[PDB]
Amino acid sequence: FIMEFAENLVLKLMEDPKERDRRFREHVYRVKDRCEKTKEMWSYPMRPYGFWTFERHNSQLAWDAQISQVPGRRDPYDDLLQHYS
Amino acid sequence: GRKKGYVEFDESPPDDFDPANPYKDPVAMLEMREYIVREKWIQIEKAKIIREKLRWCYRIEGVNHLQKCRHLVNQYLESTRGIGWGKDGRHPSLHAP
């Protein structure tokens, strides 16, 4: 009965071939999906397309529109007309 | 844990495998390679069985072994035609169809 117990213990050891194959397939599919995702992540250029339209990059326009009435940068005719009216 | 100690494989090529583009699906590629290995091993074992029966024919038949085991010799020599994986040094007269 010692050999029978040893065989049962060895069978309790090892791994289920069905579970091993399923895990292998799942792991390979996951790696393939993630690697194509990382390749498309790397494919993007460093300079974005819309960077010239971004609000953060176009920060001078708002400030200068706010500050356009300061005497240091006024159009002379604007000052003339505001004096006239 | 394993259920019982006897091998369970399928005697059919894995599906979703494209011979034109075998490298498109990695799982299909690897399973097809494993199936090809299994088929080659089956052919090798068939040749080994033929070789064993040939050797026992040669042992049982004495001086008159050239005509009694001629069919077994021919069967073994045709069965060993495409056994190997890298036996390209073997002459094509015995290793090529």
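Heads up: the protein sequence lines correspond to chains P1 and BJ, in order. So for the first sequence, the deposited numbering puts the first residue at 3; every next one is plus one. So for the second sequence, the deposited numbering puts the first residue at 2; every next one is plus one. We put the beta carbon where it would ideally sit given N, CA and C, even for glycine.
Proximal residues to residue i (C-beta, below 8 angstroms), its chain only, five neighbours per side dropped
| i | result |
| --- | --- |
| residue 1 (chain BJ) | Limits of chain BJ in this structure are 2 at one end and 98 at the other, which puts residue 1 (chain BJ) out of reach. |
| residue 131 (chain BJ) | Because chain BJ spans 2 through 98 in this model, residue 131 (chain BJ) falls outside it and cannot be assessed. |
| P47 (chain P1) | none |
Start-to-end residues for the alpha helix (DSSP H) that takes in residue i
| i | result |
| --- | --- |
| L95 (chain BJ) | 93-96 |
| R52 (chain BJ) | 27-61 |
| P19 (chain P1) | 19-44 |
| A8 (chain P1) | 4-14 |
| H59 (chain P1) | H59 (chain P1) -> no alpha helix (DSSP H), and no H or E assigned at all. |
| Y7 (chain BJ) | Per DSSP, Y7 (chain BJ) belongs to no alpha helix (DSSP H) and is neither H nor E. |
| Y79 (chain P1) | 78-86 |
| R71 (chain BJ) | 71-80 |
Nonlocal neighbours in the same chain, by C-beta distance under 7 angstroms from residue i, ignoring five residues either side
| i | result |
| --- | --- |
| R71 (chain BJ) | none |
| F10 (chain BJ) | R39 |
Rounded straight-line distance, which links the Cα of residue j to that of residue i
| i | j | result |
| --- | --- | --- |
| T81 (chain BJ) | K69 (chain BJ) | 20 angstroms |
| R27 (chain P1) | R36 (chain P1) | 14 angstroms |
| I37 (chain BJ) | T40 (chain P1) | 33 angstroms |
| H29 (chain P1) | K14 (chain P1) | 24 angstroms |
| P50 (chain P1) | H59 (chain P1) | 12 angstroms |
| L83 (chain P1) | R76 (chain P1) | 12 angstroms |
| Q68 (chain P1) | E57 (chain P1) | 15 angstroms |
| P23 (chain BJ) | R39 (chain BJ) | 18 angstroms |
| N10 (chain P1) | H92 (chain BJ) | 49 angstroms |
| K49 (chain BJ) | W86 (chain BJ) | 16 angstroms |
| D17 (chain BJ) | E79 (chain BJ) | 33 angstroms |
| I4 (chain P1) | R22 (chain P1) | 29 angstroms |
| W42 (chain BJ) | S94 (chain BJ) | 22 angstroms |
| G63 (chain BJ) | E53 (chain BJ) | 16 angstroms |
| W57 (chain BJ) | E12 (chain BJ) | 30 angstroms |
| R34 (chain BJ) | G52 (chain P1) | 48 angstroms |
Same chain, Cβ closer than 6 angstroms to residue i, five either side skipped, listed in chain order
| i | result |
| --- | --- |
| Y59 (chain BJ) | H66, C70 |
| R32 (chain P1) | none |
CB contact check: residue i to chain B, cutoff 7 angstroms
| i | result |
| --- | --- |
| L11 (chain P1) | Among the protein chains in the structure shown, which are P1 and BJ, there is no chain B. |
Worksheet entry | Cβ contact check for the region 3-16 of chain BJ and the region 12-25 of chain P1: 3 or more pairs under 8 angstroms | Counting C-beta pairs with one atom in each stretch, the region 3-16 of chain BJ and the region 12-25 of chain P1 have three or more that are closer than 8 angstroms, which means they touch.
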